[PDB]
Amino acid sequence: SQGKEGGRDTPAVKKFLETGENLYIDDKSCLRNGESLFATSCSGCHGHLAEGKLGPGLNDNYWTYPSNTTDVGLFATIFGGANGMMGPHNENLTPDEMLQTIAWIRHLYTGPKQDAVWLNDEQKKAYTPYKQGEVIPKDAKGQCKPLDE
C-alpha cells in the first residue's frame, strides 16, 4: 500500500544493490513470507511448488535465461519484465518483497547442489532438495517481519 514502511531502503535491499547478495536466503521468517508472496504472485503459472504449470519449472537446474541463476538476474527479470521477451511479468512486489520471494524460490529448488549458483559455499552445505509437506515453523523470527503477525 504505502504508509510508513520500508520496501526499497531495508538493510537487505541495500546489501543486495551493493553486492548482489541476498541476505534472506535460508532465513526462516523471510521464507515464510516468500512462500505466501510466491503463492499469490507466481504459483498461478509456475505451480504451487514452482514445478511448472503454464510457466516453466523454476525448481530445477535448467534455465532458459541463465541470468536467472543469480538473484540479481531473477530480480531484473521481474522488475524489468514489463512487456518484454522473458514472460508476462509485471513489477508488483516491492524490492524487499521480491528478495523474500526469490529466497523462497531458491528454497523450492530440487536439483543438483552444485548447480545452485545462488548459494555460497556454506549455504550449499545446508542445501537439501525441497520436499512437499515441509512446514516452516510458524513462530520463526528473523530479518523479516511476519506478513500476518
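In this text, residue numbers run from 1 along the sequence as written.
The PDB entry records a higher mean C-alpha B factor for 86-94 than for its counterpart among 86-94 and 61-69. According to the PDB record, 117-125 carries the higher mean C-alpha B-factor of the two stretches 117-125 and 34-42. Looking at the C-alpha B-factors along this chain, the one for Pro56 belongs to the lowest third. In the deposited entry, the Cα temperature factor of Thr19 places it in the middle third of its chain's modelled residues. Per the deposited record, the Cα B-factor of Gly111 falls in the middle third when ranked against the other modelled residues of its chain.
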